[PDB]
Amino acid sequence: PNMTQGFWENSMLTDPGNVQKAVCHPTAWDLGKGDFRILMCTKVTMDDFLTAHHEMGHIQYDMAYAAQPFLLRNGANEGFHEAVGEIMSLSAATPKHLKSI
Amino acid sequence: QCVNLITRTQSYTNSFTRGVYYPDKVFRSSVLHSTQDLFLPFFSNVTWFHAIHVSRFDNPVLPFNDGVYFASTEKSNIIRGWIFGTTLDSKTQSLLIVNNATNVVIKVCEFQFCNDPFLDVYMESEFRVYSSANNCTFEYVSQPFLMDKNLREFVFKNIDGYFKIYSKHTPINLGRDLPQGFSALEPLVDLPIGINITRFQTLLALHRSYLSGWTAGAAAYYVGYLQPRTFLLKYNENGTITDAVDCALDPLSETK
Amino acid sequence: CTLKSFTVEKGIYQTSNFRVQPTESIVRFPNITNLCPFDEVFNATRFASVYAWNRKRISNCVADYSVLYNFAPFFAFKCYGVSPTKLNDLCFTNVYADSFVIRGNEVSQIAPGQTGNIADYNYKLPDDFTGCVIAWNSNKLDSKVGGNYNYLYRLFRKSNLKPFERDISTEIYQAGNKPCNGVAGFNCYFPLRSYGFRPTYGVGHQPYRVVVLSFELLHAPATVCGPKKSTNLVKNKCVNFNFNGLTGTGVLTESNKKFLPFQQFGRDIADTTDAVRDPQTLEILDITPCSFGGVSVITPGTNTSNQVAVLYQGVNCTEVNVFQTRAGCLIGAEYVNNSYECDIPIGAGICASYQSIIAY
Amino acid sequence: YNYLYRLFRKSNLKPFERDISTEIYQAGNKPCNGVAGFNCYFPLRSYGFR
Ligand SMILES: *[C@@H]1O[C@H](CO)[C@@H](O[C@@H]2O[C@H](CO)[C@@H](O)[C@H](O)[C@H]2NC(C)=O)[C@H](O)[C@H]1NC(C)=O
Ligand SMILES: *[C@@H]1O[C@H](CO)[C@@H](O)[C@H](O)[C@H]1NC(C)=O
Ligand SMILES: *[C@@H]1O[C@H](CO)[C@@H](O)[C@H](O)[C@H]1NC(C)=O
Ligand SMILES: *[C@@H]1O[C@H](CO)[C@@H](O)[C@H](O)[C@H]1NC(C)=O
Ligand SMILES: *[C@@H]1O[C@H](CO)[C@@H](O)[C@H](O)[C@H]1NC(C)=O
Ligand SMILES: *[C@@H]1O[C@H](CO)[C@@H](O)[C@H](O)[C@H]1NC(C)=O
Ligand SMILES: *[C@@H]1O[C@H](CO)[C@@H](O)[C@H](O)[C@H]1NC(C)=O
Ligand SMILES: *[C@@H]1O[C@H](CO)[C@@H](O)[C@H](O)[C@H]1NC(C)=O
């Protein structure tokens, strides 16, 4: 499934400016109650594109188990959560995908 | 706050040819139309009630039968409405008709009516009419039908779900209260009530004394009962019922 | 064809009936007033919690289902037992409007045969529910940045709710064996929990306002009937008239009859309608039925000639070699001022003969 | 769900007439233009036989 409207409304995908300071680390946030955000200071590079795919994979993983109870809203183990983003980082980096887009 | 204040005496008089109403809303001009409906019979026994409050329970609840003819020569402020129902308590639905100086409120709820209900003016309070009103299913507020020597006639019917009220105001020259001649009662309201009505009671207004809590008063009214009867009504050039014959009164009227 | 013969003897034969066909349909239904208060329920500034769901009875008005259709934000307009298309014509005795606010994920639970927290403990519909459910997003009215803590729901209850039942009790839910004694803690939880609505929630959790319309019929006459369209009035023509459920076909001419204010229709000596009052504008019209006539064919013998003349009995010549007689309109015969003996009788002193066909 | 019925149609059918046309119905004032959506529903619905 595609992204929610609140994801596009509430995520800050660009560095805000000098006046407002923010953490530049790429982080995917599952705030709860169907609210999913990405904190990313995007630069126009291939690396930020792959990192955006990784964090959107994190957000999709968080999005899929929303029907589960709150204390079970995590990966089955600690490897799965990063693995499902790293497979997107693998697939997006292929020459075929770059020729496609 | 139910208090017993009204005592009532009764006499018997003659209806003459009073009580005729328009049986439908169809214009008929210069014709003789025979209709079978609930009518007050000609020269029938009508009970004249005098209700007196002086400053025990002696104001019983009257039956409704198939409909009631009501008449009064009193002013518009003394008699202020009526109560209709079967048990007159919270277990069955009931209809309350209350008139005041500005409008009339007709309202069907589950009223827990008092044994001697009366509207008291002080503003007007209905706490002496009933003690509670729950599960209320109908309300209708409209222009009043007790306005201003003047004889006021009403016909109440409860037919197949609808409560029909017919009224007329006739200026009677000083004399006998029930006059001769004809004055047909125009249809006033048809209310989609759909309740069972077997008993009724008249509402009077009492004033506070401000000095035997209520001022002494008297009210005279005539009550007759409608019966399934066939009438022959005369419609004149302008559509008004100016005359009628009661088909079962005497052999001459039967021939007519 | 009428005489069932190929040879017709000289004379006048009544063969058909002329009629004036109805041209338009005029459905002057009762004037549309006192529309049902759907603005009070749908456009209320404050809705109710789902545990204390608001119920409003609707009676003695005209139920307008077009305002509902006009509103765009509706997420569900799902109807049960009656079609949405035939809402305006089929009519009922009482209409119950139940209003509450829930979360988006639970909107599927407002249906017959469904299970969940809302269906079992807050609002239950029967399996034979006849009515409609309407839901729409209410972020701009019910979401607060600090959190809207004024919407509550029942999470715990001993038994499931019956259809159309409410529970406003605040008793502590006793889930174990020990008595709660009115104080919360372990195995004793308060059943009413707050719907803390915030504008940044996901679509399954945004506040949705739900109105459930339940229609019921009883032995009483049904009085919540949807408004019937009242088309324009056309006079002086043969139009099918439907005035306040009284139907017919006839010309509606101006009337000199002064009706009394309580009268609606008018009748003849022989109890046939001759007048009516328009329910939109308080005017009196003389209903006169459209012209009809006995078509008679005047012909000599087929041995002599095949020329025919047509007499429309009782019909004026302007409503159908055209001559006007007291018998009716004669078409196909030429009036001659000469007088002869009667050959084919027409009526009122008029006779027809063949010499062409002449009338005299 | 193999058995379907025509819930919505513009007009009633004739005797011994079969309608198998899977075209959309316009249930409101707004035209649907052949695409499902708000107040635009498919005429043929399946029975939930259990
Ligand atoms: C006459 O009766 C009417 C009907 O109840 C009274 O009008 C109402 O007054 C109340 C005040 O408590 C208002 O809330 C309502 O809106 C009024 N209704 C209408 C239809 O106007 C009126 O006050 C009464 N007059 C007297 C002198 O008692
Ligand atoms: C997601 O896809 C659905 C249909 O697949 C569409 O209706 C919706 O608008 C899309 N959302 C966004 C944010 O593009
Ligand atoms: C009216 O009824 C009373 C008793 O109910 C009776 O005594 C009286 O004679 C009656 N009057 C007439 C005119 O019948
Ligand atoms: C009438 O009221 C009582 C309590 O006031 C209630 O228990 C009962 O169900 C009500 N009945 C109807 C028909 O509203
Ligand atoms: C109306 O009430 C009376 C008295 O309570 C009763 O005898 C009668 O059967 C009732 N009518 C109906 C239709 O229930
Ligand atoms: C009927 O109406 C006409 C015209 O308004 C009027 O002149 C006449 O007095 C009325 N009454 C009767 C009995 O004709
Ligand atoms: C609510 O308000 C809107 C405002 O445009 C209006 O169009 C509508 O008729 C109102 N009522 C309902 C039931 O939506
Ligand atoms: C009938 O409808 C018209 C429409 O303009 C309105 O003006 C009028 O008040 C309505 N009522 C009556 C009694 O004519």
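One-based numbering along the chain as shown.
Cβ atoms here come from the backbone N, Cα and C positions, even for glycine.
The Zn(2+) site in Swiss-Prot is built from A:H54, A:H58 plus one of A:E78, A:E82, namely A:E82. Cross-referencing A:13-17, A:33-37, A:73-77 with Swiss-Prot places the feature region 'Interaction with SARS-CoV spike glycoprotein' at A:33-37. Helix, strand and coil counts under DSSP for the region 'Interaction with SARS-CoV spike glycoprotein' (A:33-37) come to 0 helix, 3 strand, 2 coil. In this structure, the CA atom of A:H54 (Zn(2+) binding site) is 15 Å away from the CA atom of A:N2 (N-linked glycosylation site). Distance noted between the C-alpha atoms of A:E55 (active site, proton acceptor) and A:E82 (Zn(2+) binding site) is 9 Å. Apart from the site residues A:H54, A:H58, A:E82, the chain places the Cβ of A:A28, A:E55, A:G57, A:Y61, A:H81, A:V84, A:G85, A:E86, A:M88, A:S89 no farther than 8 Å from the centroid of the site's Cβ atoms, the recorded Zn(2+) location. Sequence-distant contacts of A:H58 (Zn(2+) binding site), defined as residues of its own chain at least six apart whose C-beta falls under 8 angstroms from its C-beta, comprise A:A28, A:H81, A:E82, A:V84, A:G85. Sequence-distant neighbours of A:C41 (disulfide bond): residues of the same chain at least 6 apart with a C-beta under 8 Å from its C-beta are A:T14, A:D15, A:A22, A:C24, A:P26. Packing around A:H54 (Zn(2+) binding site) is summarised by its Cβ count: 21 other Cβ atoms lie within 10 angstroms of its Cβ, all protein chains included.
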